[PDB]
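K.L.:
whatever this is, show me its structure:
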Amino acid sequence: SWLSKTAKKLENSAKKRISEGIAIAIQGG
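P.N.:
Residues are numbered from 1 along each chain as shown. Structure data below:
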């Protein structure tokens, strides 16, 4: 697959957005 495949790199960039909620948890998220 091209998308579903490249979705790994993308989705990955999201996996962070999750852990980011923590770094922002103090930012005033």
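
K.L.:
dump the residue contacts of residue 15.
P.N.:
Residue 15 makes no contacts at all, as judged by C-beta atoms under 8 Å, 6 or more residues apart in numbering. Heads up, the C-betas are built off the backbone N, CA and C, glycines and all.

K.L.:
what about it, which helix or strand?
P.N.:
Following DSSP states H and E, one finds residue 15 within helix 3-25.

K.L.:
now that helix, how far from the centre of its chain.
P.N.:
1 Å (C-alpha atoms, centre = their mean, to the nearest Å).

K.L.:
again, but for stretch 14-29
P.N.:
10 Å.

K.L.:
give the buried residues for that stretch.
P.N.:
By neighbour count on 16 or more other C-beta atoms under 10 Å, the buried set for stretch 14-29 is empty.

K.L.:
kindly export it (C-alpha atoms) in CSV.
P.N.:
Provided in CSV are the C-alpha atoms of stretch 14-29 (Å, rounded to 0.1, in the frame of the first residue of the first chain):
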residue,chain,number,x,y,z
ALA,A,14,0.4,11.6,15.7
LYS,A,15,1.5,9.1,18.3
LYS,A,16,3.6,12.0,19.6
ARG,A,17,0.7,14.5,19.6
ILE,A,18,-0.6,12.2,22.3
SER,A,19,2.5,12.2,24.5
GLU,A,20,2.6,15.9,23.7
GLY,A,21,-0.6,16.5,25.6
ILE,A,22,1.6,15.9,28.6
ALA,A,23,4.2,18.5,27.7
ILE,A,24,1.2,20.8,27.1
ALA,A,25,-0.5,19.6,30.2
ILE,A,26,1.6,22.2,31.9
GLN,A,27,1.4,24.7,29.0
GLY,A,28,-2.3,25.0,29.9
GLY,A,29,-3.8,22.5,27.5
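
K.L.:
spatially central residue in this protein, please.
P.N.:
The chain has residue 14 as the residue nearest its centroid, 1.5 Å off, counting by C-alpha atoms, centre = their mean.
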